[PDB]
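One chain comes next, on its own, written as C-alpha cells: the form deposited without its partner chain.
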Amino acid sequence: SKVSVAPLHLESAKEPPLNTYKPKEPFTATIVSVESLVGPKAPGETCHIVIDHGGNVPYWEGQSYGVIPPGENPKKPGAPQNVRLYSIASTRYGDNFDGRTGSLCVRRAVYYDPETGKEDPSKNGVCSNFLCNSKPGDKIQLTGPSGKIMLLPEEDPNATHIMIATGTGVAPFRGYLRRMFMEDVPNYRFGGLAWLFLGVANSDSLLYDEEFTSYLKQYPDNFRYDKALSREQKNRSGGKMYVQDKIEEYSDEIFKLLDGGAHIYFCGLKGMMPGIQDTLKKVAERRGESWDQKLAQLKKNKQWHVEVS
C-alpha cells in the first residue's frame, strides 16, 4: 500500500543540507507544473508548484527553498531581487517519488484598495505571483535549502507530533505526513500519533484536504485531523472559529501529550501565535503550572517548533 520511492540513498545523509546554493549563484531549476489548490469562494488564490531540481538541491522535510524572482531590486538598481523563502510542501522524494522534484504551496499576494476593492497588480507580491503565473518549462532561480527548526525528529518512530497550521503553513506537514503514511521508507516506520490542526477561511480555502482525509481512513489509530473555518464556523463563545479555538477544545489532551514528550509545531501566520499562547497559558495555569516555565522546558527538551511570519 505504501508508495515506492527512489532513490533510497536520500536516506544516507547524516546531516541536513544547508545553503547548497546561495543567492550569489543560484541553481536554475525548471517548473514541472502549477495548479490552483482552492475553490472559487477562497479569499485568495493558493497554488501548488512542482519544481525539477534534477537531484541537485536535495532537502529534508520541513526545510525551505529560496526563490529569486526576475527583475532588478527596486530599492537597489543594478541588483537582483531579494530571496523569498517558501516552505517545501513535498517529501525529499517529491511528488513524482523520484527525488528530482520539490513542491511549494504559494499564496498569491494581491493588493486591493481598502475602499474601492480595486485590485492593483502593480502592488501585488512579486515572487508569489511570479510563481503562481509560472508554466511548465519556465526557469526559476533556487537557493538553499535552509531551516533546521522544522526538521522532523525521527529518533522515536512512535513519537507524537501535533501540527498546527494556518493557510500555507500546512506545507511542512504535507511533507511530514507523506513520509509517515504514504511513502515506503524502510528506515522510518511511523507508529505514533500525528495530529493536524488546520485553520483557513472557508471550505474552498482548504489545502490538500482529500489527502489528509484519506489518512484518517487508512490510519485511524495514528492520525487525527481537525479544521477551523473562520468564516463558516463559530467557536463556543460565538466568535469566528480559529485554530486557537480548536486547540482550546482539546487543551487537556494536548497538555497531557506535551507532558508525555510530544512535539508541537506551528507554521503559517504569525498572527495565530498570540491567541494560541494565551490558550496554552490558561490551561497550564489552571493545572497550577507556570506557562513561562513550561514553555522554557518544552524548548529545552526540543519539543517546541515554530516557523511563522
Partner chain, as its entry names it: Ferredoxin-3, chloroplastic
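Positions refer to the first chain, counted from 1.
As for the form solved in complex with its partner chain, it is not shown, yet the points below apply to it.
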*Of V126, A79, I149, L216, which residue is found within 4.5 angstroms of its partner chain in the deposited complex when only non-hydrogen atoms are counted?*
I149
*Tell me, out of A159, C132, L85, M182, which residue has a non-hydrogen atom within 4.5 angstroms of its partner chain in the deposited complex.*
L85
*Hey, of 102-110, 141-149, 204-212, 184-192, which bit sits against its partner chain in the deposited complex at 4.5 Å between non-hydrogen atoms?*
141-149
_If we define contact as a non-hydrogen atom of the residue within 4.5 angstroms of the partner, is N301 a contact of its partner chain in the deposited complex?_
no
*Counting only non-hydrogen atoms and a 4.5 angstroms cut-off, does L18 reach its partner chain in the deposited complex?*
yes
*Any non-hydrogen atom of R287 within 4.5 angstroms of its partner chain in the deposited complex*: no
_Taking its partner chain as it sits in the deposited complex, is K24 in contact with it (heavy atom to heavy atom, 4.5 Å or less)?_
yes
